[PDB]
Each structure stands twice: as structure tokens, then as C-alpha cells.
Amino acid sequence: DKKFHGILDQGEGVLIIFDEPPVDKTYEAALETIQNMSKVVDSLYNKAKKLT
Amino acid sequence: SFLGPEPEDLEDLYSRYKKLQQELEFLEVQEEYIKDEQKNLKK
Amino acid sequence: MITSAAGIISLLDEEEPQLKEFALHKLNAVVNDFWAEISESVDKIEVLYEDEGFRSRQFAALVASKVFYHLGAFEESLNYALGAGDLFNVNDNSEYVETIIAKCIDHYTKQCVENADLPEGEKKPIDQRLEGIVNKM
Amino acid sequence: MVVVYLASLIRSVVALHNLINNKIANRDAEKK
Amino acid sequence: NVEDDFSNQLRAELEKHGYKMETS
Amino acid sequence: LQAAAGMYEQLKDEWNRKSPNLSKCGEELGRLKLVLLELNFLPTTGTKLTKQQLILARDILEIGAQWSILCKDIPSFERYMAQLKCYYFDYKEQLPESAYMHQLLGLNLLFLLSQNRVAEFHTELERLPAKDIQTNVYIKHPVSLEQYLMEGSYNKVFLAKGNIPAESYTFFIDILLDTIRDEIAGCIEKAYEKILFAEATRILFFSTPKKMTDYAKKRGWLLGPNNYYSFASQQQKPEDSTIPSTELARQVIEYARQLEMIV
Amino acid sequence: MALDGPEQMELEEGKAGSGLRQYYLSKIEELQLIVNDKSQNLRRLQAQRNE
Amino acid sequence: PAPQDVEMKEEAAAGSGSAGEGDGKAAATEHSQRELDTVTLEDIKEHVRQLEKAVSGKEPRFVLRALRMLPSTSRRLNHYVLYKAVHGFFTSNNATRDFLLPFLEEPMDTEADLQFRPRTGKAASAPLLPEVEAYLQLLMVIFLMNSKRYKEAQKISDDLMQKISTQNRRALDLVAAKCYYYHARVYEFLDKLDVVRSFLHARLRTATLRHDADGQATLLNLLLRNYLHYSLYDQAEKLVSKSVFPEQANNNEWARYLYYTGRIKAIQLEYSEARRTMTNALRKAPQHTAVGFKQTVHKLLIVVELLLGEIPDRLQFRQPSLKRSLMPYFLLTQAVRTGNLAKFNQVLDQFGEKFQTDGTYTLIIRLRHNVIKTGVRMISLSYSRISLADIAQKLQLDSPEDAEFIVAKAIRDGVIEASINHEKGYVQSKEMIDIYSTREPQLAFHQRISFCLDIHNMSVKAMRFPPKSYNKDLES
């Protein structure tokens, strides 16, 4: 669910805890935009054929 | 190339073009300044 | 020809005078066939001309100027051909390789222009050979 | 760029033709 | 890449049954 | 023009074991240049008409090339091979071809690997695609040997072969053994932290334990069957987020300024 | 012009000296190319400023 | 059918001639004239013209349409392409293609665009006589791409072409440039062993002095191309160091040059520049010349990629619809992604005979090492420790011992980033998968940004480029 995110070691009787994400919003926001860009280029190329 | 009239025709071309070259040196000086004048148009 | 320069090159590298002599006679016609191979290998031809222990100085100069001319180092063509002081004539007769001769004048004029500005003369600069060629035209 | 090219295509016919008109234009102006 | 699908379906069912007996 | 013998085909007969003298061969090289002037006359003045003469010309220079690397003359093998280079594909075809061209190709290819001039080997291969120009028995041996080096398959590499034909192939393979030996020492230096003496003899292709002691200390390895070079350096490289750096993406100061000029 | 061919020697009439003219033209011909590039460049800046 | 041949010829001759003459005559509009003449005209002459209507030869009328030389000696070449030797593999005219002076009927009608015979005939110090000569020379040899003809009119065509040339002019080298390409091809492309070289070098010298870019460009490509086919590779490598390609050469000229250069650097051990040059050539010039080249370019390209250190995906094979041509290659690819040695050797051998043809043979040996290199990267990356014996079996190496030596070399190169522990019986993974840790996210940006700088410069310059000509045409 990623409530705290960790890994449970059943081989040793311990629970490995990771804490305070270094995950940044800058990166996450950037991912949405870049997928929309790939779409625009496809539409552009189709129009490109006329010019040639 | 020869002693023939071929170097006479070449001579006249040469002569006129030489005069032209001078004309062209002047056009270079303007070309350089026009770049700054365009930058200046903005102001 | 279609043949590669390699054999001819090997002969120059060898210490013998005879093998070098044959190579220069042969190279005097493969120069528009292979320019690449002769060019790289130019350095040996230049020694052959330079020494006065060599009996085919004139030929050595000739082949070397045609290579130089091909390379686009035009200046080196003027010096060797005139410097040798013979086999300069074959270039003049041509109108294809009148280039080497015509560049002798072009050079003279460009340097002579600079010196002309304040003192009238050609003054101290301007090598012996280039001054003679111009007066001849 | 793709849009800029569509504009140059329509432009071409007029721009190309104009070149001839200019040289002649200077003679007429001087005459009259 | 390579065609993993043809190979995995046959391997997964068969191998798994032998593995049951072999290991837990 | 090869006719008679005292400097013409004199060298040829010497290469056989009829007269197996090498002592004459050293002298022969200076004299051979005198018959060589004449030989040189025939190619690209006539072609087919001159054919017989070509065969003979090439045979003396090529067979003597093999015989003057049992005299261990390096400068001679290259200048003959070089001379005959153009004879391989001379003009249209002068047809100076000899059986000995077959061995020569193979000798040159082993020579180029020992010198470590891999670029030239590749350049020769591009001329080569229709390998039916003298077929593959002595050319197959260099190509397998190059692959094996290439791969990292050092065990397979021939240092045991090429010493077995003793005509001229031995000269290249002895020097090559030093080169591969060095190559192993380098690979092991970065790869693994220790080296044993049980380990070392086989991998570097040493003959003795004394050779082991010599090669390891130079590099700085030797401490005994247990050393520690590799490990520590391999660990040190990731993480420069808590430690200042500028390495990659060039020199930064330039980098930001350049990026902005371009757009 | 001519590809090759000597016409009444270097010494006799003095074909080479008059002959040198054709080569001086190679220089003006070499210049003619840059003039064209120079013309377009000047115009692009001018058209740019003018608007 | 001669009664039907005459409509076809008259239209064809007029249309192609009109465009070459109207463009050439202006003489100071060099950029426009250079572009129109190189790409459009020669391409028009090959693909649309020949194919159109009954009989591919429309040559007989054309010779008379302009002027070559006044006696019917130079004309004779027009008859020879039609019939002699082979007769090409184009459709020839029945008759009215006459041995000496093809046609009886002029289409000239004293135009400036279709000339007149005595009118051009005066010129010899004018560009009017050399330009017409060349256009006709070009047309005649134009059949050679399509036909792949040998020893017809192409016996004296090399000599005749040298005659047309003299000390040339900058305008004359631009038209002549079209002839220079065919001059090599006639003995080059067929691979008859002859000297095409003398002429090619010779024009090269003359064009550099006058400094006409169109001419120099064409010669340099041919000189490299000729050598490689002859199997005199050594000559081609040394040539490149002395060459200088103009930066103002046209788009076909660049594509041909780049392909040919690409095969050469690939041999030297420079795969990185070799792949980029081959790909870009195909987009740069879509030509009818280009159709013969494409199969080779892709075939050579794939072996060239595997060596660099990229393993190409399946999709690439699918799109250019040339999948079949690519097909034996496709197997070699599936073999690298699996990374198993044994599969590679067998496949590459049987197929190897075909591969010799593209220029791949020199490379072919080295492709062996890439397969294992891909196996080593997967073993180290995926796991920490797996036994040396497990790896030996998986890749199908000869010995467990053989796995050690190969692993040991690979680390030194530093592409793997692992350690092999010889004594302990396993490979240890020293690497961890990351791209944010060291100085390295900056590098990751660097490569992404770097490809972009080139795209930006091209987009912006290109936008401006039609307007540059309008600005010259005098519009604001």
C-alpha cells in the first residue's frame, strides 16, 4: 500500500523500515508532462508529409 | 592562356572586377555594423 | 593506375640510389591516379630532392611538386620546382599544371602588396626565385 | 517550424515574382 | 526482445508440479 | 627477369635445406637490390605478356622474406611484404602469384597481432572477403587467434602453435607471448584482490615461480599468496552527494555558460 | 580557355605572361562565390531590421 | 512504334531541357541554380521520364534538342546506348534513333531554352557551349542506373567527357557535377577494372581553384567508393585524411559521402560515428539512387550496432517493410539478447557467405565477443553471487576456466563493474543499479541535453531558411 514502505525479513525475525522519502514532487510532475509531448510529435509528422 | 585574344577578354573581366572589389569592401563594413544597428533598433 | 603505391613507396625507403630513381620516374604519371598514398609518403620524396648526393634531383622535385599541388599545400610546389631550376618548364607548357607557375606570381603579388604600402619597393623580403619569375612574365 | 513552413509555402509565389519587379521599379521612378 | 510467452506457459505449469515434490 | 644464379635466384636455392647456409643470406640482401632494379621494369609497362617474369620476381623477394626472419631481420620482412602488397592486386592483374603468397599473408597477420596493430589486421580483412585468393589453412590460424584475444579467451590463444612451423612463423609467436602475459597481469590487477602461486603460473603463462615473483612486485602486488588490491577501489566509486565533486558533465563552470549560448 | 596545349612557346611570343591573366581570374572567380553568400547574409539582417 | 515514339520524345525533350537551360542562364544566383540542378533535374531524368509511356529511350530527339558537337561523331553515343553490345535492359526504340545523327526533325525552333545548333556552336569561351554539352552528356549516361549496362556508349564516354571540360567556370562546374557522378559509375558500379581515377582527380584540382563546392563534393565520394569495391581498401583510408567535404554541399551529396565514410571508420574500431552517419543518409536524401543503397545500409548497420554495445529491438525490423532482407540478421540479434555463445557461431557461419557482400566480413569475427560481453553484464547485474560453474553452463563456454579469464578482462575495460573471485568460486556484484548517487545524475542530464543542442540549432536555422531566399528576392 506504501504506508511507510519497508521490507519484512522472515529469515531473521526483523522488520526493515525505510523512512522520510527523498521522493520529490519536481520529478513526479515532470513525468506527466513528458508523456503528453510524445503525442504532439506524432501529430506534427503527419502534417510534415505535405511540406516534403 | 595563350598569347591570343583569350587573355584580352580575361583582361577586361579582370579590370572591371578589380574596380568592383573595392565597392564590395565597403559593403563588408556595413554588414558588420548592421548587426549592432539591429541590436540598437530594439532600444 | 589501378595498382597501389606500396611497392613504389618501399623503393624510396630503401638506402639505394637506383631504387629511388626508378620510383620517381614511375610516380610521374600515377600522381592523378593515386593522390592519397603519395601524399602521406611525401616525406621521403622531400629528402631525396634535399640531398645533393642524389643524381635525379630534378625528377624528385617534379613529382613532389605535383603531389603538393594535389594536397593543397600550393606554396611547397612553387619552391621545389623553381629551386630545382629545371623541369620547371614542363609545368609552364601545360595549362592544367600552369597552376604551380601562376601561383609563383600570385604569391609574389600578395606579399609584395604589403611591403609596397609605405616603402615603394619590394625591399628586403621576397625570395630570389619569386622575383625572377615575375620579371619574365 | 512546421507551422512556419506552411506560411513560407503561400509566401513563395509572391516573394519569388517580386525580385524582377524591383529592378524595373527603379527605372520607372526615375523616368516619371 | 526475445519471445518469453511461448516458452513460460509450458514451463511454468510443468516444472512447478515437479518442484512441488522436490521443494517447499 | 630471373635467369641463372649468383644474385638472381641464388637466394631461392639458399632457402631450401640443399644449402641451408644463412651466412650467405646476410650478404645476399645487398646484391638482391641489383637484380631487383630489373624486376621492377616489367609491372604496369606490359601486363600479360610479362606474366612469367612476374611470377619469378615475386618468388625471390617473398621466399627471401621468410628466410630473412630466420636471420631475424625485422626491417627486411616489412619492406618485402610492403613491396609485394601491391603485387597482390597489381593493376588489373599482373599475375605474379606464387604459392608462397599463401604463407606470407598468414605470417603478416600474426606479425600485426604481436606488434599490437589490430587496426591494420582489420584493414587487410576488408581487402580480403573472397578468401579463395589463396584459401584458408594459414590464414585460418590468425583469425582464430584474433578472436581468442578479442573474447578474453586466453587459454585457447596459440602460444603452442606457430612455433611448430619453423619456416618464419616462430618469430612473431615468441614476442606475442610477452604481450599476452602483460595483458593478464593488467586484467587481474583490477579484477581480484589476491593471487596465489597455484593460480599465477597458469593464468599469466609463466614457466617458473621465479617469473611470478618478478612480475607481481613491479605492479606492487607482492605480499605473499594473499594480497589486497582490487576490492577497496571497487567499493569507493558510488556516492559523491555528501562529498563535494565536479567530474562528469565536464567542468561545470563552462558547462552552464555553454548551455545558454547554444539556445 | 584551354585544358592543355602550349600556343607558340613561353619565350617566342611570350604566351605564359599573357597566359597569367587566366590564372588571376581564378582568384576573382573564387571571390564571386563569397559575394553571393555575403549578399544573402546582408539581406537577411536588413529584412530583419526593416520589419 | 515510331508513329507513337515522336509525341513522347518531343514532350520529354522539351520539358527536361527547359528546366535545365532556364535555370543555368541566370548566372549569379548560384545557390538556387545549384540546388535545383543537382537534386531535381537528375532525379527527373531517372524516375518520371524514362518510365513514362512506350519506350524508355526518349534520347534520339533530345540529342538534336541541344548541341553536343557539330559532326555526328559525338552524337553517335546516342545511337550506341540504344543498340550495341548488350543494348542495356531499357526498352529501346525500333528505329529513328539512327547510327550517326539520331532524328531528322528538330525540336529546336530557335529558343533560348531549346537552343539553336549554330547559335551554341559559336560559343567556346562562353558558358553556353560547355553547359549544353554536359546536359546532353548527362542524359545519355542517365540510363546506366536503371539498366546496369556495360561497354556500349560508355567506352568513349569517359574520354568525351574530359573534352567537354577545359579550365571550366564556377557556373560550369555546377552543371558538370551531374556528369562527374556518372563518370565513375560506368566502370566503378559494374566493377570492370579500369582507371576512372585520372579524370576524377583532375576535375577536383580545377574546381577547388575556382572554389565550386558542387563539383569537389561529387568527386570525393566516388574516389572512396571506387576503391572499396575494387578491394583496394588501403587506398580509401589514406584518402579520407587528405579530403575536405564542403559545408555547403547539397543533400544527396552529403548522404552518399556519409554512407561511404561510415563503412570506413567502422573497420578502424569506430562504431559510434559509423552508426550515426549511415542512419542520417537515408532521411537526408530520398532519391531514386537511394533505392539501390538502402538494403546494404540496414544490413551493414545492424552488425555495426551490435559491436558498439547496443542490442537493437524487434520493432525496427518491422517498420521499413524490408524485414525479409533484414531476416538473416534478425536471428543474430535474438542470439545477443539471450547472450549464449553457441547459437551465435552456428548461425553466423551459414549466413556468413551472404554477409561478405555488404562489407561486413572484416567485422564479422569481432561480433563473437559482443555476445559474451552481453552475458557478462547480465550475470553481474542480476545477482550478487552465483557459482562460476552455473555461468559456464548457461552461456555455453568451453570451460569454467574460460569463464574466469573472460570475466577478468571485462572488468579492466570497466563496462561491467564487478569483481570476479577466482579462489572463492563465484563472481561478486560490486555494482548496484542507480543513476542518482555519484556525480552521475549530471552525466544523465548531459547526454539528454547533448543530443538536443544539435536538434535546436537545426530547427531554428531551418525555419529561417526559406525566408533567407525571400529576403534575397527583396521582401521584408
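Backbone-built Cβ (ideal geometry, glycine too); neighbour counts: all protein chains shown. Please treat every number below as a calculation from the coordinates, not as lab data.
Among all residues of segment B:17-40, there is none that is more than 22 Å from the chain's Cα centre (by Cα) and part of a loop (DSSP other than H, G, I, E, B). Filtering segment F:72-107 to residues that are crowded, with 22+ Cβ neighbours inside 10 Å, of a type in the set (S, T, N, Q) and within 14 Å of chain C (Cβ to nearest Cβ) leaves F:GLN83, F:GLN94.
Taking H:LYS461, is it more than 8 Å from chain F (Cβ to nearest Cβ), surrounded by 21 or more Cβ atoms within 10 Å (Cβ to Cβ) and either touching a helix residue (DSSP H, G or I) at 6+ places or on another chain (Cβ under 9 Å) or of a type outside the set (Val, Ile, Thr) (or both)? Spelling it out, it is not the case that H:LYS461 is more than 8 Å from chain F (Cβ to nearest Cβ), surrounded by 21 or more Cβ atoms within 10 Å (Cβ to Cβ) and either touching a helix residue (DSSP H, G or I) at 6+ places or on another chain (Cβ under 9 Å) or of a type outside the set (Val, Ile, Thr) (or both). For segment H:115-154, a residue qualifies if it is charged (D, E, K, R) and either free of Cβ contacts under 8 Å to residues at least 60 places away in the same chain or at positive phi (or both), and the qualifying residues are H:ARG117, H:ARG119, H:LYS122, H:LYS148, H:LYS151. Taking the conditions (1) among the aromatic types (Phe, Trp, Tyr); (2) buried (at least 21 other Cβ atoms within 10 Å of the Cβ); (3) out of contact with any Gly (no Cβ under 6 Å at 6 or more places or on another chain); (4) over 23 Å from H:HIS369 (Cβ atoms) in turn, F:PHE197 satisfies each one other than (2).
Restrict the check to segment G:37-49 and report whether at least one residue is more than 8 Å from chain C (Cβ to nearest Cβ), surrounded by 17 or more Cβ atoms within 10 Å (Cβ to Cβ) and in contact with a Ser or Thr (Cβ under 8 Å, 6 or more places away or on another chain). The answer is yes; a qualifying residue exists. In segment H:195-213, the condition of being buried (at least 22 other Cβ atoms within 10 Å of the Cβ), of a type outside the set (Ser, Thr, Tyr) and part of a loop (DSSP other than H, G, I, E, B) is met by at least one residue.
One line per residue, one yes/no per condition, for (1) without any contact (Cβ under 8 Å) to a residue 60 or more places away in the chain; (2) assigned to a helix (DSSP H, G or I); (3) closer than 20 Å to F:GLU167 by Cβ:
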position	(1), (2), (3)
F:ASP13	yes, yes, yes
F:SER19	yes, no, yes
F:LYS33	yes, yes, no
F:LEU37	yes, yes, no
F:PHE77	no, yes, yes
F:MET81	yes, yes, yes
F:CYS86	yes, yes, no
F:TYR91	yes, no, no
F:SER98	yes, no, yes
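Being on the phi < 0 side of the Ramachandran plot, more than 31 Å from the chain's Cα centre (by Cα) and not basic (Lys, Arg) holds for only one residue in H:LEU51, H:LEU70, and it is H:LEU70. Any residue at all in segment F:46-68 that is in contact (Cβ under 8 Å) with a residue 40 or more places away in the chain, within 12 Å of another protein chain (Cβ to nearest Cβ) and more than 26 Å from H:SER231 (Cβ to Cβ)? No, every residue in segment F:46-68 fails to be in contact (Cβ under 8 Å) with a residue 40 or more places away in the chain, within 12 Å of another protein chain (Cβ to nearest Cβ) and more than 26 Å from H:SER231 (Cβ to Cβ). Looking at segment H:74-91, which of its residues are of a type outside the set (S, T, N, Q) and in a helix (DSSP H, G or I)? Once the filter is applied, which keeps residues that are of a type outside the set (S, T, N, Q) and in a helix (DSSP H, G or I), segment H:74-91 yields H:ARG76, H:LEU77, H:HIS79, H:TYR80, H:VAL81, H:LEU82. Can we say H:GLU237 is among the acidic types (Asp, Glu), in contact with a helix residue (DSSP H, G or I) (Cβ under 7 Å, 6 or more places away or on another chain) and either more than 8 Å from every other protein chain (Cβ to nearest Cβ) or at positive phi (or both)? Against the criterion (among the acidic types (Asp, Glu), in contact with a helix residue (DSSP H, G or I) (Cβ under 7 Å, 6 or more places away or on another chain) and either more than 8 Å from every other protein chain (Cβ to nearest Cβ) or at positive phi (or both)), H:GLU237 does not qualify. Mind listing just one residue for me: the one in segment H:113-141 that is in contact with a helix residue (DSSP H, G or I) (Cβ under 7 Å, 6 or more places away or on another chain) and part of a loop (DSSP other than H, G, I, E, B) and, of those, nearest to H:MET161 (Cα to Cα)? Within segment H:113-141, the match that is nearest to H:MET161 (Cα to Cα) is H:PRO127.
Check whether at least one residue in segment C:43-65 is under 23 Å from H:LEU239 (Cα atoms), of a type in the set (A, V, I, L, M, F, W, C), part of a helix (DSSP H, G or I) and within 14 Å of chain H (Cβ to nearest Cβ), and report yes or no. Taking every residue of segment C:43-65 in turn, none turns out to be under 23 Å from H:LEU239 (Cα atoms), of a type in the set (A, V, I, L, M, F, W, C), part of a helix (DSSP H, G or I) and within 14 Å of chain H (Cβ to nearest Cβ). If you filter segment H:371-389 down to residues that are out of contact with any strand residue (DSSP E or B) (no Cβ under 9 Å at 6 or more places or on another chain) and more than 10 Å from chain F (Cβ to nearest Cβ), you find that the one that is surrounded by the most Cβ atoms within 10 Å (Cβ to Cβ) is H:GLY375. I'd like to check something: does segment C:66-78 contain any residue that is free of Cβ contacts under 8 Å to residues at least 24 places away in the same chain and either in contact with a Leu (Cβ under 8 Å, 6 or more places away or on another chain) or buried (at least 19 other Cβ atoms within 10 Å of the Cβ) (or both)? No, every residue in segment C:66-78 fails to be free of Cβ contacts under 8 Å to residues at least 24 places away in the same chain and either in contact with a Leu (Cβ under 8 Å, 6 or more places away or on another chain) or buried (at least 19 other Cβ atoms within 10 Å of the Cβ) (or both).
Here's the yes/no breakdown for (1) more than 18 Å from H:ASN221 (Cα to Cα); (2) free of Cβ contacts under 8 Å to residues at least 24 places away in the same chain; (3) hydroxyl-bearing (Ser, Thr, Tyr); (4) in a helix (DSSP H, G or I):
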position: H:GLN287; (1), (2), (3), (4): no, no, no, no
position: H:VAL297; (1), (2), (3), (4): no, no, no, yes
position: H:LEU301; (1), (2), (3), (4): yes, no, no, yes
position: H:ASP313; (1), (2), (3), (4): yes, yes, no, no
position: H:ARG337; (1), (2), (3), (4): yes, no, no, yes
position: H:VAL347; (1), (2), (3), (4): yes, yes, no, yes
position: H:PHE351; (1), (2), (3), (4): yes, yes, no, yes
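Please enumerate the residues belonging to segment C:1-41 that are closer than 27 Å to F:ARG31 by Cα and β-branched (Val, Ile, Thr). Once the filter is applied, which keeps residues that are closer than 27 Å to F:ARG31 by Cα and β-branched (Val, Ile, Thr), segment C:1-41 yields C:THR3, C:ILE8, C:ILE9. Which residue, of A:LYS50, A:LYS39, is within 30 Å of D:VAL3 (Cβ to Cβ), surrounded by 10 or more Cβ atoms within 10 Å (Cβ to Cβ) and charged (D, E, K, R)? Answer to the check: A:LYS50.
Somewhere in segment H:407-425, is a residue more than 11 Å from every other protein chain (Cβ to nearest Cβ) and touching a helix residue (DSSP H, G or I) at 6+ places or on another chain (Cβ under 6 Å)? So far as segment H:407-425 goes, yes, one or more of its residues are more than 11 Å from every other protein chain (Cβ to nearest Cβ) and touching a helix residue (DSSP H, G or I) at 6+ places or on another chain (Cβ under 6 Å).
Under the condition of being surrounded by fewer than 19 Cβ atoms within 10 Å (Cβ to Cβ), more than 14 Å from chain C (Cβ to nearest Cβ) and part of a helix (DSSP H, G or I), the residues counted in segment H:240-264 number 1.
The set of residues in segment F:140-164 that are outside any helix (DSSP H, G or I) and either touching a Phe, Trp or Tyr at 6+ places or on another chain (Cβ under 6 Å) or within 12 Å of chain H (Cβ to nearest Cβ) (or both) comprises F:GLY152, F:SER153, F:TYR154, F:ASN155, F:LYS156, F:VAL157, F:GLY162. The residue of segment G:1-16 that is surrounded by the fewest Cβ atoms within 10 Å (Cβ to Cβ), among those that are within 7 Å of another protein chain (Cβ to nearest Cβ) and out of contact with any helix residue (DSSP H, G or I) (no Cβ under 7 Å at 6 or more places or on another chain), is G:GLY5. Restricting attention to segment H:142-156, the residues being in a loop (DSSP other than H, G, I, E, B) and out of contact with any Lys or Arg (no Cβ under 6 Å at 6 or more places or on another chain) number 9. Contact map, segment C:13-29: residues that are more than 10 Å from chain F (Cβ to nearest Cβ) paired with residues that are surrounded by fewer than 16 Cβ atoms within 10 Å (Cβ to Cβ), Cβ distance under 7 Å, separation 6+ or inter-chain. Pairs shown: C:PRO17/C:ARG55.
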